[PDB]
>>> print(open('final.cif').read())   # mmCIF, C-alpha atoms and all ligand atoms
data_input
#
loop_
_atom_site.group_PDB
_atom_site.id
_atom_site.type_symbol
_atom_site.label_atom_id
_atom_site.label_comp_id
_atom_site.auth_asym_id
_atom_site.auth_seq_id
_atom_site.Cartn_x
_atom_site.Cartn_y
_atom_site.Cartn_z
ATOM 1 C CA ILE A 1 19.707 -54.594 -48.351
ATOM 2 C CA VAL A 2 17.709 -52.188 -50.528
ATOM 3 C CA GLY A 3 14.099 -53.139 -51.309
ATOM 4 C CA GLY A 4 14.066 -56.047 -48.862
ATOM 5 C CA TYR A 5 12.022 -57.100 -45.877
ATOM 6 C CA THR A 6 12.603 -57.601 -42.176
ATOM 7 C CA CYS A 7 13.603 -61.305 -41.914
ATOM 8 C CA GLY A 8 12.230 -62.011 -38.463
ATOM 9 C CA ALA A 9 14.396 -62.685 -35.478
ATOM 10 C CA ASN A 10 16.727 -65.662 -35.868
ATOM 11 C CA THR A 11 15.044 -66.942 -39.033
ATOM 12 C CA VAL A 12 18.447 -66.819 -40.775
ATOM 13 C CA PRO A 13 20.421 -68.636 -38.034
ATOM 14 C CA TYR A 14 23.658 -68.992 -40.064
ATOM 15 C CA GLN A 15 23.920 -65.190 -40.578
ATOM 16 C CA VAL A 16 26.724 -63.589 -38.499
ATOM 17 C CA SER A 17 27.742 -59.993 -37.938
ATOM 18 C CA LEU A 18 31.469 -59.203 -37.939
ATOM 19 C CA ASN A 19 32.206 -56.532 -35.330
ATOM 20 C CA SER A 20 35.375 -54.462 -34.778
ATOM 21 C CA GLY A 21 33.713 -52.076 -32.339
ATOM 22 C CA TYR A 22 30.798 -51.731 -34.754
ATOM 23 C CA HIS A 23 29.158 -54.008 -37.348
ATOM 24 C CA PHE A 24 31.127 -53.854 -40.578
ATOM 25 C CA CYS A 25 30.317 -56.973 -42.641
ATOM 26 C CA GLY A 26 28.258 -60.167 -42.676
ATOM 27 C CA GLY A 27 29.360 -63.776 -42.769
ATOM 28 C CA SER A 28 27.982 -67.311 -42.735
ATOM 29 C CA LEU A 29 28.505 -69.953 -40.099
ATOM 30 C CA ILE A 30 29.545 -73.180 -41.886
ATOM 31 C CA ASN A 31 30.236 -75.263 -38.754
ATOM 32 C CA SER A 32 30.633 -74.668 -35.076
ATOM 33 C CA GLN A 33 34.217 -73.261 -35.480
ATOM 34 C CA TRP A 34 34.259 -71.483 -38.903
ATOM 35 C CA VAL A 35 32.701 -68.550 -40.721
ATOM 36 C CA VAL A 36 32.872 -67.781 -44.445
ATOM 37 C CA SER A 37 32.966 -64.074 -45.414
ATOM 38 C CA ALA A 38 34.417 -61.829 -48.138
ATOM 39 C CA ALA A 39 38.201 -61.227 -48.240
ATOM 40 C CA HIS A 40 37.493 -57.496 -48.713
ATOM 41 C CA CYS A 41 35.968 -57.641 -45.176
ATOM 42 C CA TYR A 42 39.355 -58.520 -43.696
ATOM 43 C CA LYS A 43 40.237 -56.499 -40.541
ATOM 44 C CA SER A 44 42.553 -57.462 -37.747
ATOM 45 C CA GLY A 45 40.665 -57.787 -34.476
ATOM 46 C CA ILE A 46 37.231 -59.262 -35.479
ATOM 47 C CA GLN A 47 34.579 -60.445 -32.996
ATOM 48 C CA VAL A 48 31.950 -62.778 -34.558
ATOM 49 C CA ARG A 49 28.404 -62.142 -33.358
ATOM 50 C CA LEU A 50 25.982 -65.050 -33.821
ATOM 51 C CA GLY A 51 22.339 -65.265 -32.950
ATOM 52 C CA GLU A 52 21.800 -61.552 -33.780
ATOM 53 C CA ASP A 53 18.652 -59.840 -34.809
ATOM 54 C CA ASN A 54 18.949 -56.185 -33.623
ATOM 55 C CA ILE A 55 22.721 -55.576 -33.704
ATOM 56 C CA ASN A 56 22.345 -52.587 -31.322
ATOM 57 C CA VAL A 57 20.350 -54.394 -28.583
ATOM 58 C CA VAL A 58 21.473 -57.428 -26.580
ATOM 59 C CA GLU A 59 18.255 -59.440 -26.877
ATOM 60 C CA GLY A 60 19.363 -62.719 -25.252
ATOM 61 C CA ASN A 61 20.176 -65.198 -27.996
ATOM 62 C CA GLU A 62 23.578 -63.862 -29.060
ATOM 63 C CA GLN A 63 26.966 -65.564 -28.832
ATOM 64 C CA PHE A 64 29.928 -63.187 -29.110
ATOM 65 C CA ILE A 65 33.134 -65.086 -29.946
ATOM 66 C CA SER A 66 36.451 -63.485 -30.894
ATOM 67 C CA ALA A 67 38.192 -64.703 -34.044
ATOM 68 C CA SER A 68 41.476 -66.545 -33.462
ATOM 69 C CA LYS A 69 42.547 -66.680 -37.129
ATOM 70 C CA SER A 70 41.429 -65.216 -40.429
ATOM 71 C CA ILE A 71 42.543 -66.708 -43.811
ATOM 72 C CA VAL A 72 42.036 -64.635 -46.994
ATOM 73 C CA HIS A 73 41.975 -66.765 -50.136
ATOM 74 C CA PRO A 74 45.507 -67.294 -51.505
ATOM 75 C CA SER A 75 44.512 -65.790 -54.884
ATOM 76 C CA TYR A 76 42.411 -62.866 -53.606
ATOM 77 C CA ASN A 77 42.872 -59.799 -55.812
ATOM 78 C CA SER A 78 41.585 -56.706 -54.020
ATOM 79 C CA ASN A 79 41.654 -54.676 -57.260
ATOM 80 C CA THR A 80 39.245 -56.895 -59.192
ATOM 81 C CA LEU A 81 37.694 -58.724 -56.213
ATOM 82 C CA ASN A 82 38.459 -62.015 -57.911
ATOM 83 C CA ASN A 83 38.430 -64.753 -55.214
ATOM 84 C CA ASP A 84 36.680 -62.483 -52.697
ATOM 85 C CA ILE A 85 36.407 -65.104 -49.944
ATOM 86 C CA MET A 86 37.880 -65.477 -46.473
ATOM 87 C CA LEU A 87 37.618 -68.010 -43.619
ATOM 88 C CA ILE A 88 37.421 -66.873 -39.992
ATOM 89 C CA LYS A 89 38.089 -69.369 -37.186
ATOM 90 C CA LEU A 90 36.358 -68.790 -33.858
ATOM 91 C CA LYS A 91 38.436 -68.927 -30.662
ATOM 92 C CA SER A 92 35.871 -71.359 -29.204
ATOM 93 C CA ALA A 93 33.090 -73.344 -30.877
ATOM 94 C CA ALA A 94 29.631 -71.863 -31.034
ATOM 95 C CA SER A 95 26.820 -73.677 -29.241
ATOM 96 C CA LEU A 96 24.605 -74.720 -32.043
ATOM 97 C CA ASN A 97 20.837 -74.370 -31.375
ATOM 98 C CA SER A 98 17.685 -73.202 -33.119
ATOM 99 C CA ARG A 99 18.939 -69.641 -33.417
ATOM 100 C CA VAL A 100 22.668 -70.343 -34.158
ATOM 101 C CA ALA A 101 23.095 -72.903 -36.895
ATOM 102 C CA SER A 102 25.411 -73.757 -39.752
ATOM 103 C CA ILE A 103 24.695 -73.628 -43.445
ATOM 104 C CA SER A 104 25.793 -76.381 -45.832
ATOM 105 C CA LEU A 105 28.425 -75.892 -48.490
ATOM 106 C CA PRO A 106 27.180 -76.747 -52.000
ATOM 107 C CA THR A 107 27.751 -79.846 -54.096
ATOM 108 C CA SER A 108 26.809 -78.286 -57.338
ATOM 109 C CA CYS A 109 26.907 -74.752 -58.538
ATOM 110 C CA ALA A 110 23.496 -73.006 -58.515
ATOM 111 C CA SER A 111 21.703 -72.379 -61.792
ATOM 112 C CA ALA A 112 20.734 -69.193 -63.576
ATOM 113 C CA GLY A 113 17.188 -68.257 -62.678
ATOM 114 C CA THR A 114 17.314 -69.746 -59.156
ATOM 115 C CA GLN A 115 15.825 -67.506 -56.478
ATOM 116 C CA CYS A 116 18.217 -67.078 -53.535
ATOM 117 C CA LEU A 117 17.959 -65.507 -50.075
ATOM 118 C CA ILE A 118 20.432 -62.635 -49.435
ATOM 119 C CA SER A 119 20.568 -61.052 -45.976
ATOM 120 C CA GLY A 120 22.392 -58.434 -43.955
ATOM 121 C CA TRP A 121 22.499 -55.253 -41.901
ATOM 122 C CA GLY A 122 23.718 -53.043 -44.783
ATOM 123 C CA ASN A 123 22.370 -49.842 -46.189
ATOM 124 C CA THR A 124 18.712 -49.852 -47.206
ATOM 125 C CA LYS A 125 18.830 -46.878 -49.614
ATOM 126 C CA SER A 126 19.896 -46.749 -53.247
ATOM 127 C CA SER A 127 20.362 -42.992 -52.957
ATOM 128 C CA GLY A 128 21.668 -41.957 -49.604
ATOM 129 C CA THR A 129 22.142 -43.792 -46.292
ATOM 130 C CA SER A 130 20.056 -45.623 -43.756
ATOM 131 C CA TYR A 131 21.329 -48.616 -41.759
ATOM 132 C CA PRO A 132 18.844 -50.883 -40.125
ATOM 133 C CA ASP A 133 19.342 -52.361 -36.731
ATOM 134 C CA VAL A 134 17.397 -55.554 -37.476
ATOM 135 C CA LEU A 135 18.373 -58.127 -40.109
ATOM 136 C CA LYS A 136 16.978 -57.549 -43.604
ATOM 137 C CA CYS A 137 16.345 -60.169 -46.274
ATOM 138 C CA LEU A 138 15.860 -60.183 -50.054
ATOM 139 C CA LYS A 139 14.960 -62.873 -52.557
ATOM 140 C CA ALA A 140 16.845 -62.348 -55.817
ATOM 141 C CA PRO A 141 17.417 -64.563 -58.853
ATOM 142 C CA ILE A 142 20.756 -65.543 -60.299
ATOM 143 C CA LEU A 143 21.283 -63.934 -63.696
ATOM 144 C CA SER A 144 22.842 -65.561 -66.724
ATOM 145 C CA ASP A 145 26.628 -65.246 -67.223
ATOM 146 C CA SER A 146 25.952 -63.326 -70.427
ATOM 147 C CA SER A 147 23.675 -60.807 -68.704
ATOM 148 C CA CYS A 148 26.210 -60.336 -65.855
ATOM 149 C CA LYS A 149 29.071 -59.682 -68.326
ATOM 150 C CA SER A 150 26.929 -57.197 -70.312
ATOM 151 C CA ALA A 151 26.258 -55.307 -67.108
ATOM 152 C CA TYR A 152 29.943 -55.174 -66.100
ATOM 153 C CA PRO A 153 32.010 -55.552 -69.295
ATOM 154 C CA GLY A 154 35.606 -56.688 -68.705
ATOM 155 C CA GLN A 155 34.985 -57.161 -64.899
ATOM 156 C CA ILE A 156 33.315 -60.579 -64.323
ATOM 157 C CA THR A 157 35.458 -63.655 -63.713
ATOM 158 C CA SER A 158 34.357 -67.307 -63.562
ATOM 159 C CA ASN A 159 34.503 -66.892 -59.723
ATOM 160 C CA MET A 160 31.607 -64.333 -59.758
ATOM 161 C CA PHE A 161 27.918 -64.377 -60.525
ATOM 162 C CA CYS A 162 25.285 -61.700 -60.679
ATOM 163 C CA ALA A 163 21.942 -61.815 -58.903
ATOM 164 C CA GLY A 164 19.116 -59.278 -58.675
ATOM 165 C CA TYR A 165 16.946 -57.183 -60.900
ATOM 166 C CA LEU A 166 18.111 -55.205 -63.906
ATOM 167 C CA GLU A 167 15.154 -52.764 -63.464
ATOM 168 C CA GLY A 168 16.791 -51.648 -60.142
ATOM 169 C CA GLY A 169 15.127 -51.226 -56.753
ATOM 170 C CA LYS A 170 16.233 -54.427 -54.988
ATOM 171 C CA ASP A 171 19.845 -55.349 -54.135
ATOM 172 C CA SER A 172 22.417 -55.918 -51.420
ATOM 173 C CA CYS A 173 24.505 -52.882 -50.414
ATOM 174 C CA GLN A 174 27.371 -51.512 -48.290
ATOM 175 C CA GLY A 175 27.490 -53.303 -44.958
ATOM 176 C CA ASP A 176 25.954 -56.518 -46.417
ATOM 177 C CA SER A 177 29.418 -57.516 -47.756
ATOM 178 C CA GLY A 178 30.566 -60.928 -46.704
ATOM 179 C CA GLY A 179 27.070 -62.186 -45.987
ATOM 180 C CA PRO A 180 25.212 -65.129 -47.483
ATOM 181 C CA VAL A 181 23.472 -65.844 -50.704
ATOM 182 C CA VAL A 182 21.571 -69.097 -50.034
ATOM 183 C CA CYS A 183 20.033 -71.065 -52.881
ATOM 184 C CA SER A 184 18.334 -74.466 -52.458
ATOM 185 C CA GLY A 185 19.333 -74.401 -48.842
ATOM 186 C CA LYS A 186 23.088 -74.109 -49.422
ATOM 187 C CA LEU A 187 25.662 -71.286 -49.370
ATOM 188 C CA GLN A 188 26.132 -70.364 -53.056
ATOM 189 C CA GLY A 189 27.291 -66.784 -52.863
ATOM 190 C CA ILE A 190 29.000 -64.136 -50.755
ATOM 191 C CA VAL A 191 27.988 -60.470 -51.002
ATOM 192 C CA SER A 192 30.963 -58.964 -52.886
ATOM 193 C CA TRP A 193 30.403 -55.827 -54.980
ATOM 194 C CA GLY A 194 28.269 -53.864 -57.406
ATOM 195 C CA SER A 195 28.033 -50.382 -58.915
ATOM 196 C CA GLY A 196 26.140 -48.472 -56.266
ATOM 197 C CA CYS A 197 23.119 -50.410 -54.945
ATOM 198 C CA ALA A 198 19.827 -51.247 -56.638
ATOM 199 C CA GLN A 199 20.664 -49.088 -59.686
ATOM 200 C CA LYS A 200 19.184 -50.010 -63.056
ATOM 201 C CA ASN A 201 21.353 -52.401 -65.163
ATOM 202 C CA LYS A 202 23.836 -52.807 -62.242
ATOM 203 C CA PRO A 203 22.902 -55.996 -60.323
ATOM 204 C CA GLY A 204 24.849 -57.357 -57.384
ATOM 205 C CA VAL A 205 27.996 -59.363 -57.932
ATOM 206 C CA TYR A 206 28.660 -62.348 -55.671
ATOM 207 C CA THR A 207 31.588 -64.645 -55.015
ATOM 208 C CA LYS A 208 30.796 -68.084 -56.498
ATOM 209 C CA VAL A 209 31.177 -70.316 -53.405
ATOM 210 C CA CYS A 210 30.922 -73.633 -55.285
ATOM 211 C CA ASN A 211 34.363 -72.942 -56.827
ATOM 212 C CA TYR A 212 35.928 -72.815 -53.290
ATOM 213 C CA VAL A 213 34.583 -75.911 -51.573
ATOM 214 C CA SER A 214 37.800 -77.922 -51.931
ATOM 215 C CA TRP A 215 39.891 -74.960 -50.585
ATOM 216 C CA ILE A 216 37.481 -74.488 -47.711
ATOM 217 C CA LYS A 217 37.502 -78.181 -46.804
ATOM 218 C CA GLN A 218 41.250 -78.578 -46.968
ATOM 219 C CA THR A 219 41.829 -75.398 -45.032
ATOM 220 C CA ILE A 220 39.457 -76.362 -42.202
ATOM 221 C CA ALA A 221 41.025 -79.830 -42.061
ATOM 222 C CA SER A 222 44.380 -78.190 -41.431
ATOM 223 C CA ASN A 223 43.674 -75.177 -39.047
HETATM 224 CA CA CA A 301 21.515 -58.172 -30.570
#
>>> encode(input="final.cif", output="structure tokens", more="lines below")
Ligand SMILES: [Ca+2]
Amino acid sequence: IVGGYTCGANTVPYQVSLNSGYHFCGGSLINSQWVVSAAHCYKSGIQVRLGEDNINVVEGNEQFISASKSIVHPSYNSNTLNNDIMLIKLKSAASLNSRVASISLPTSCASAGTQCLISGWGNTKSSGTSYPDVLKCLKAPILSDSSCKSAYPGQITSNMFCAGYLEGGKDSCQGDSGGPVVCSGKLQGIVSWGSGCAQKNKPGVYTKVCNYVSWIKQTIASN
């Protein structure tokens, strides 16, 4: 997250870190057994880390639970990032508590202009590299479809939305991928892509979770 703020320990209790020997992507806990992340975060060999604040210190509220299964969306296209969504099943259910909690799936799609909370352990610099240890947060508004398409001509599908600031300075970034965009208390987006981070006229692009609720529900009813 570039231009964000330190969230505060466990104030984003649905945020997970995906670890394959190191943090590599975020995700969102949607119930005690299942995480939503980005399909481009697929790796074999994922441990889900819940209850994290500093990802490099064991502070006492973590649960580390291996994945048993990962399910990339059946229509994921890694070239265009259309349908950039994946489900990860935990080998054992998390113990839900004040620091490890699920986020609701949406009923309606969020609206242009809504301010959402985006979070992660990704890079904090637009130019160069600096990875935080503690979770960072950013409030960013959803941009209109038309503004998103102008920023990325020929690249935005109906399964994507843009959020952020066309002046630059505030955005998600590498290492935030797969993490949450929460609007009105529900999971509306997944950190997916963008041209650099926090650059002018190049806002973040996010997987539009409301288009996937029926896939998510039928998949978790079956696995
Ligand atoms: Ca920790």
>>> residues_around(input="final.cif", residues="segment 129-131 of chain A", least_positions_apart="3", cutoff="10 Å", atoms="all atoms listed in the file", output="ChimeraX atom specification")
/A:1-2,121-126,134,174-175
>>> write_last_selection(input="final.cif", atoms="C-alpha atoms", output="PDB file, keeping the file's coordinate frame")
ATOM      1  CA  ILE A   1      19.707 -54.594 -48.351  1.00  0.00           C
ATOM      2  CA  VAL A   2      17.709 -52.188 -50.528  1.00  0.00           C
ATOM      3  CA  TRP A 121      22.499 -55.253 -41.901  1.00  0.00           C
ATOM      4  CA  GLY A 122      23.718 -53.043 -44.783  1.00  0.00           C
ATOM      5  CA  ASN A 123      22.370 -49.842 -46.189  1.00  0.00           C
ATOM      6  CA  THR A 124      18.712 -49.852 -47.206  1.00  0.00           C
ATOM      7  CA  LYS A 125      18.830 -46.878 -49.614  1.00  0.00           C
ATOM      8  CA  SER A 126      19.896 -46.749 -53.247  1.00  0.00           C
ATOM      9  CA  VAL A 134      17.397 -55.554 -37.476  1.00  0.00           C
ATOM     10  CA  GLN A 174      27.371 -51.512 -48.290  1.00  0.00           C
ATOM     11  CA  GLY A 175      27.490 -53.303 -44.958  1.00  0.00           C
TER      12      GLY A 175
END
>>> closest_atom_pairs(input="final.cif", of="segment 93-131 of chain A", to="segment 7-23 of chain A", cutoff="7 Å", atoms="all atoms listed in the file", output="Markdown table")
| residue | atom | partner | partner_atom | distance |
| --- | --- | --- | --- | --- |
| A:99 | CA | A:13 | CA | 5.0 |
| A:100 | CA | A:13 | CA | 4.8 |
| A:101 | CA | A:14 | CA | 5.1 |
| A:102 | CA | A:14 | CA | 5.1 |
| A:103 | CA | A:14 | CA | 5.8 |
>>> residues_near_point(input="final.cif", point="(28.4, -61.8, -52.3)", cutoff="10 Å", atoms="all atoms listed in the file", output="mmCIF file with C-alpha atoms, keeping the file's coordinate frame")
data_model
loop_
_atom_site.group_PDB
_atom_site.id
_atom_site.type_symbol
_atom_site.label_atom_id
_atom_site.label_comp_id
_atom_site.auth_asym_id
_atom_site.auth_seq_id
_atom_site.Cartn_x
_atom_site.Cartn_y
_atom_site.Cartn_z
ATOM 1 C CA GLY A 26 28.258 -60.167 -42.676
ATOM 2 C CA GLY A 27 29.360 -63.776 -42.769
ATOM 3 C CA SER A 37 32.966 -64.074 -45.414
ATOM 4 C CA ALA A 38 34.417 -61.829 -48.138
ATOM 5 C CA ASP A 84 36.680 -62.483 -52.697
ATOM 6 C CA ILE A 85 36.407 -65.104 -49.944
ATOM 7 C CA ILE A 118 20.432 -62.635 -49.435
ATOM 8 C CA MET A 160 31.607 -64.333 -59.758
ATOM 9 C CA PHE A 161 27.918 -64.377 -60.525
ATOM 10 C CA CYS A 162 25.285 -61.700 -60.679
ATOM 11 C CA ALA A 163 21.942 -61.815 -58.903
ATOM 12 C CA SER A 172 22.417 -55.918 -51.420
ATOM 13 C CA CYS A 173 24.505 -52.882 -50.414
ATOM 14 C CA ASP A 176 25.954 -56.518 -46.417
ATOM 15 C CA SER A 177 29.418 -57.516 -47.756
ATOM 16 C CA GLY A 178 30.566 -60.928 -46.704
ATOM 17 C CA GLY A 179 27.070 -62.186 -45.987
ATOM 18 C CA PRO A 180 25.212 -65.129 -47.483
ATOM 19 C CA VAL A 181 23.472 -65.844 -50.704
ATOM 20 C CA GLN A 188 26.132 -70.364 -53.056
ATOM 21 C CA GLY A 189 27.291 -66.784 -52.863
ATOM 22 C CA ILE A 190 29.000 -64.136 -50.755
ATOM 23 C CA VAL A 191 27.988 -60.470 -51.002
ATOM 24 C CA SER A 192 30.963 -58.964 -52.886
ATOM 25 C CA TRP A 193 30.403 -55.827 -54.980
ATOM 26 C CA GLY A 194 28.269 -53.864 -57.406
ATOM 27 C CA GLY A 204 24.849 -57.357 -57.384
ATOM 28 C CA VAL A 205 27.996 -59.363 -57.932
ATOM 29 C CA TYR A 206 28.660 -62.348 -55.671
ATOM 30 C CA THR A 207 31.588 -64.645 -55.015
ATOM 31 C CA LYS A 208 30.796 -68.084 -56.498
ATOM 32 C CA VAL A 209 31.177 -70.316 -53.405
#
>>> closest_atom_pairs(input="final.cif", of="chain A", to="ligand CA 301 (chain A)", cutoff="9 Å", atoms="all atoms listed in the file", output="CSV")
residue,atom,partner,partner_atom,distance
A:49,CA,A:CA301,CA,8.4
A:50,CA,A:CA301,CA,8.8
A:51,CA,A:CA301,CA,7.5
A:52,CA,A:CA301,CA,4.7
A:53,CA,A:CA301,CA,5.4
A:54,CA,A:CA301,CA,4.5
A:55,CA,A:CA301,CA,4.2
A:56,CA,A:CA301,CA,5.7
A:57,CA,A:CA301,CA,4.4
A:58,CA,A:CA301,CA,4.1
A:59,CA,A:CA301,CA,5.1
A:60,CA,A:CA301,CA,7.3
A:61,CA,A:CA301,CA,7.6
A:62,CA,A:CA301,CA,6.2
A:133,CA,A:CA301,CA,8.7
A:134,CA,A:CA301,CA,8.5
>>> atom_distance(input="final.cif", atom1="atom CA of residue 35 of chain A", atom2="atom CA of residue 88 of chain A")
5.1 Å
>>> closest_residue(input="final.cif", among="A:96, A:203, A:39, A:146", to="residue 74 of chain A", atoms="all atoms listed in the file")
A:39
>>> closest_residue(input="final.cif", among="A:139, A:214, A:157, A:71", to="residue 114 of chain A", atoms="all atoms listed in the file")
A:139
>>> closest_residue(input="final.cif", among="A:127, A:201, A:111, A:219", to="residue 153 of chain A", atoms="all atoms listed in the file")
A:201
>>> atom_distance(input="final.cif", atom1="atom CA of residue 46 of chain A", atom2="atom CA of residue 128 of chain A")
27.2 Å
>>> closest_residue(input="final.cif", among="A:66, A:159, A:33, A:144", to="residue 112 of chain A", atoms="all atoms listed in the file")
A:144
